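Below is one structure, written out as structure tokens, with a few remarks after it.
Where a number appears in this text, it was derived from the coordinates with a stated rule and is not lab data. Don't worry about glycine lacking a Cβ; one is built from the backbone with ideal geometry, like all the others, and counts go over all protein chains shown.
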There are 2 protein chains.
Amino acid sequence: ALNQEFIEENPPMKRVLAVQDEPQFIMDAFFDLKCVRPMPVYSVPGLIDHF
Amino acid sequence: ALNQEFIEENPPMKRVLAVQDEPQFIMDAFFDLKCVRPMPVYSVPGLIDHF
């Protein structure tokens, strides 16, 4: 029927894969952020009246 | 003998000097240092968080 079970992505990976009962994808990901932030790059303790 | 008593400097000043029993040299010395130092030229008390 045209419903939730029909439109949700559900490819039959279990039949095209040689090894049974292990996760389909193993992934390594790396996130390289350049950040400008409202804080110093290293904070030294001190400066009581300041900020 | 060639020993400590022979090589130590020991000029016979007591015989060439007119006044007996006063120190041979009277000296005035003055040491003019220009210093660059890791401190301010005058320190005012204060600045608690700082340095």
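What the table shows:
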{"read-out": "Some residue of the range A:36-43 being more than 30 Å from residue B:46 (Cα to Cα) and assigned to a loop (DSSP other than H, G, I, E, B)", "value": "yes"}
{"read-out": "Some residue of the range A:8-15 being of a type outside the set (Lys, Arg), more than 26 Å from the chain's Cα centre (by Cα) and more than 26 Å from residue B:49 (Cβ to Cβ)", "value": "no"}
{"read-out": "Selection count where residues are within 14 Å of chain A (Cβ to nearest Cβ) and not hydrophobic (A, V, I, L, M, F, W, C), scope the range B:26-51", "value": "3"}
{"read-out": "Test set (1) surrounded by 10 or more Cβ atoms within 10 Å (Cβ to Cβ); (2) closer than 30 Å to residue B:46 by Cβ - residue A:17 fails condition number", "value": "(2)"}
{"read-out": "Residue in the range A:2-25 that is within 14 Å of chain B (Cβ to nearest Cβ), among the small types (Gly, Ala, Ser) and not in a helix (DSSP H, G or I) present", "value": "no"}
